[PDB]
>>> print(open('start-v1.pdb').read())   # PDB, C-alpha atoms
ATOM      1  CA  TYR A 253      93.484 110.834  95.185  1.00  0.00           C
ATOM      2  CA  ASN A 254      95.923 110.833  92.273  1.00  0.00           C
ATOM      3  CA  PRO A 255      93.802 111.628  89.173  1.00  0.00           C
ATOM      4  CA  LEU A 256      96.038 109.620  86.812  1.00  0.00           C
ATOM      5  CA  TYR A 257      95.352 106.177  88.298  1.00  0.00           C
ATOM      6  CA  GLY A 258      92.440 103.848  88.821  1.00  0.00           C
ATOM      7  CA  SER A 259      91.599 102.296  92.158  1.00  0.00           C
ATOM      8  CA  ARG A 260      92.922  98.890  93.136  1.00  0.00           C
ATOM      9  CA  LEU A 261      89.462  98.533  94.739  1.00  0.00           C
ATOM     10  CA  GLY A 262      86.483  97.215  92.833  1.00  0.00           C
ATOM     11  CA  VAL A 263      82.922  98.423  93.336  1.00  0.00           C
ATOM     12  CA  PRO A 264      79.557  96.735  92.698  1.00  0.00           C
ATOM     13  CA  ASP A 265      78.613  96.385  89.030  1.00  0.00           C
ATOM     14  CA  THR A 266      75.846  93.755  88.985  1.00  0.00           C
ATOM     15  CA  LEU A 267      73.496  93.786  91.969  1.00  0.00           C
ATOM     16  CA  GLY A 268      71.360  91.170  93.695  1.00  0.00           C
ATOM     17  CA  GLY A 269      72.256  88.250  95.909  1.00  0.00           C
ATOM     18  CA  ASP A 270      75.288  87.258  93.818  1.00  0.00           C
ATOM     19  CA  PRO A 271      76.840  90.657  93.036  1.00  0.00           C
ATOM     20  CA  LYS A 272      79.629  91.051  90.499  1.00  0.00           C
ATOM     21  CA  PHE A 273      82.249  93.710  91.187  1.00  0.00           C
ATOM     22  CA  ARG A 274      84.068  95.855  88.640  1.00  0.00           C
ATOM     23  CA  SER A 275      87.511  97.426  88.842  1.00  0.00           C
ATOM     24  CA  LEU A 276      87.523 101.215  88.674  1.00  0.00           C
ATOM     25  CA  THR A 277      89.120 103.124  85.825  1.00  0.00           C
ATOM     26  CA  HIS A 278      91.145 106.315  86.151  1.00  0.00           C
ATOM     27  CA  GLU A 279      88.060 108.140  84.757  1.00  0.00           C
ATOM     28  CA  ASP A 280      84.997 107.072  86.816  1.00  0.00           C
ATOM     29  CA  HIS A 281      86.007 109.701  89.369  1.00  0.00           C
ATOM     30  CA  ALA A 282      82.481 109.982  90.812  1.00  0.00           C
ATOM     31  CA  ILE A 283      82.711 106.474  92.309  1.00  0.00           C
ATOM     32  CA  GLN A 284      86.167 106.877  93.870  1.00  0.00           C
ATOM     33  CA  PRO A 285      86.143 105.145  97.289  1.00  0.00           C
ATOM     34  CA  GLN A 286      86.607 107.505 100.228  1.00  0.00           C
ATOM     35  CA  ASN A 287      88.499 107.070 103.491  1.00  0.00           C
ATOM     36  CA  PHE A 288      86.545 109.751 105.362  1.00  0.00           C
ATOM     37  CA  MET A 289      82.915 110.696 105.382  1.00  0.00           C
ATOM     38  CA  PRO A 290      81.571 114.245 105.141  1.00  0.00           C
ATOM     39  CA  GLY A 291      80.190 115.937 108.228  1.00  0.00           C
ATOM     40  CA  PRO A 292      76.648 116.028 109.588  1.00  0.00           C
ATOM     41  CA  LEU A 293      74.027 118.248 107.973  1.00  0.00           C
ATOM     42  CA  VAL A 294      70.688 119.037 109.625  1.00  0.00           C
ATOM     43  CA  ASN A 295      67.984 120.713 107.495  1.00  0.00           C
ATOM     44  CA  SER A 296      70.826 122.486 105.677  1.00  0.00           C
ATOM     45  CA  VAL A 297      68.527 123.701 102.896  1.00  0.00           C
ATOM     46  CA  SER A 298      68.345 127.042 101.124  1.00  0.00           C
ATOM     47  CA  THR A 299      65.555 129.562 101.669  1.00  0.00           C
ATOM     48  CA  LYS A 300      64.071 128.392  98.358  1.00  0.00           C
ATOM     49  CA  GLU A 301      63.909 124.751  99.485  1.00  0.00           C
ATOM     50  CA  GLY A 302      63.082 125.293 103.165  1.00  0.00           C
TER
END
>>> encode(input="start-v1.pdb", output="C-alpha cells")
Amino acid sequence: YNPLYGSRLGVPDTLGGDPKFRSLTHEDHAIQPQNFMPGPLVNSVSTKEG
C-alpha cells in the first residue's frame, strides 16, 4: 500500500451484536486490510519452540 494515505475501508471498532466501524488513518499500519493471505505453515517452529 501507499504509506501516505489511510484506507477508504473501515474496520471494527466496537464489538458485539451491533458493531461500530472506524475509518483507518494513514498511521494504523498494522490493521491495513490485505488483498492476499500469507501461505500455509505447518509446525513451522524453531528448535527452541518445537
>>> residues_near_point(input="start-v1.pdb", point="(91.4, 112.5, 95.0)", cutoff="10 Å", atoms="only C-alpha atoms", output="list in words")
residues 253, 254, 255, 256, 281, 284, 285 and 286 of chain A
>>> resolve_selection(input="start-v1.pdb", expression="the PyMOL selection byres ((chain A and resi 263) around 9)", output="list in words")
residues 261, 262, 264, 265, 272, 273, 274, 275, 276, 283 and 285 of chain A
>>> atom_distance(input="start-v1.pdb", atom1="CA of residue 266 in chain A", atom2="CA of residue 278 in chain A")
20.0 Å
>>> atom_distance(input="start-v1.pdb", atom1="CA of residue 258 in chain A", atom2="CA of residue 280 in chain A")
8.4 Å
>>> axis_aligned_box(input="start-v1.pdb", around="range 271-289 of chain A", padding_each_side="8 Å", output="JSON")
{"center_x": 84.0, "center_y": 100.7, "center_z": 95.1, "size_x": 30.3, "size_y": 36.0, "size_z": 36.6}
>>> atom_distance(input="start-v1.pdb", atom1="CA of residue 259 in chain A", atom2="CA of residue 288 in chain A")
16.0 Å
>>> closest_residue(input="start-v1.pdb", among="A:302, A:279, A:271, A:290", to="residue 257 in chain A", atoms="all atoms listed in the file")
A:279
>>> decode(input="start-v1.pdb", residues="chain A", atoms="C-alpha atoms", output="PDB file, in the first residue's frame")
ATOM      1  CA  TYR A 253       0.000   0.000   0.000  1.00  0.00           C
ATOM      2  CA  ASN A 254       0.868   3.689  -0.252  1.00  0.00           C
ATOM      3  CA  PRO A 255       2.135   4.674   3.236  1.00  0.00           C
ATOM      4  CA  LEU A 256       0.914   8.284   2.941  1.00  0.00           C
ATOM      5  CA  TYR A 257      -2.821   7.529   2.823  1.00  0.00           C
ATOM      6  CA  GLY A 258      -5.463   5.962   5.000  1.00  0.00           C
ATOM      7  CA  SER A 259      -7.788   3.238   3.806  1.00  0.00           C
ATOM      8  CA  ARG A 260     -11.191   4.044   2.365  1.00  0.00           C
ATOM      9  CA  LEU A 261     -12.209   0.858   4.231  1.00  0.00           C
ATOM     10  CA  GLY A 262     -13.336   0.905   7.833  1.00  0.00           C
ATOM     11  CA  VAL A 263     -12.600  -1.848  10.336  1.00  0.00           C
ATOM     12  CA  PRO A 264     -14.403  -2.927  13.524  1.00  0.00           C
ATOM     13  CA  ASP A 265     -14.014  -0.547  16.466  1.00  0.00           C
ATOM     14  CA  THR A 266     -16.810  -1.517  18.878  1.00  0.00           C
ATOM     15  CA  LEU A 267     -17.656  -5.217  19.014  1.00  0.00           C
ATOM     16  CA  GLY A 268     -20.773  -7.199  19.875  1.00  0.00           C
ATOM     17  CA  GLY A 269     -24.019  -7.716  18.021  1.00  0.00           C
ATOM     18  CA  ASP A 270     -24.241  -4.088  16.867  1.00  0.00           C
ATOM     19  CA  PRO A 271     -20.626  -3.364  15.875  1.00  0.00           C
ATOM     20  CA  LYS A 272     -19.426   0.147  15.097  1.00  0.00           C
ATOM     21  CA  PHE A 273     -16.759   0.524  12.422  1.00  0.00           C
ATOM     22  CA  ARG A 274     -13.945   3.069  12.328  1.00  0.00           C
ATOM     23  CA  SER A 275     -12.152   4.559   9.341  1.00  0.00           C
ATOM     24  CA  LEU A 276      -8.434   3.815   9.207  1.00  0.00           C
ATOM     25  CA  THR A 277      -5.803   6.518   9.484  1.00  0.00           C
ATOM     26  CA  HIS A 278      -2.594   6.706   7.471  1.00  0.00           C
ATOM     27  CA  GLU A 279      -0.793   5.562  10.670  1.00  0.00           C
ATOM     28  CA  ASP A 280      -2.566   2.419  11.991  1.00  0.00           C
ATOM     29  CA  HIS A 281      -0.490   0.414   9.519  1.00  0.00           C
ATOM     30  CA  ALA A 282      -0.858  -2.835  11.495  1.00  0.00           C
ATOM     31  CA  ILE A 283      -4.575  -3.047  10.635  1.00  0.00           C
ATOM     32  CA  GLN A 284      -4.216  -2.334   6.906  1.00  0.00           C
ATOM     33  CA  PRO A 285      -6.659  -4.603   5.016  1.00  0.00           C
ATOM     34  CA  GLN A 286      -4.979  -7.165   2.772  1.00  0.00           C
ATOM     35  CA  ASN A 287      -5.954  -8.494  -0.649  1.00  0.00           C
ATOM     36  CA  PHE A 288      -3.945 -11.714  -0.333  1.00  0.00           C
ATOM     37  CA  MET A 289      -3.362 -14.071   2.526  1.00  0.00           C
ATOM     38  CA  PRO A 290       0.014 -15.496   3.542  1.00  0.00           C
ATOM     39  CA  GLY A 291       0.846 -19.096   2.738  1.00  0.00           C
ATOM     40  CA  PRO A 292       0.309 -22.245   4.788  1.00  0.00           C
ATOM     41  CA  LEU A 293       2.584 -23.038   7.720  1.00  0.00           C
ATOM     42  CA  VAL A 294       2.679 -26.458   9.394  1.00  0.00           C
ATOM     43  CA  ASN A 295       4.533 -26.774  12.728  1.00  0.00           C
ATOM     44  CA  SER A 296       6.917 -24.112  11.403  1.00  0.00           C
ATOM     45  CA  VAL A 297       8.504 -23.577  14.821  1.00  0.00           C
ATOM     46  CA  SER A 298      12.124 -23.083  15.814  1.00  0.00           C
ATOM     47  CA  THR A 299      14.195 -25.724  17.593  1.00  0.00           C
ATOM     48  CA  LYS A 300      13.661 -23.746  20.808  1.00  0.00           C
ATOM     49  CA  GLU A 301       9.860 -23.870  20.490  1.00  0.00           C
ATOM     50  CA  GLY A 302       9.494 -27.339  18.958  1.00  0.00           C
TER      51      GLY A 302
END
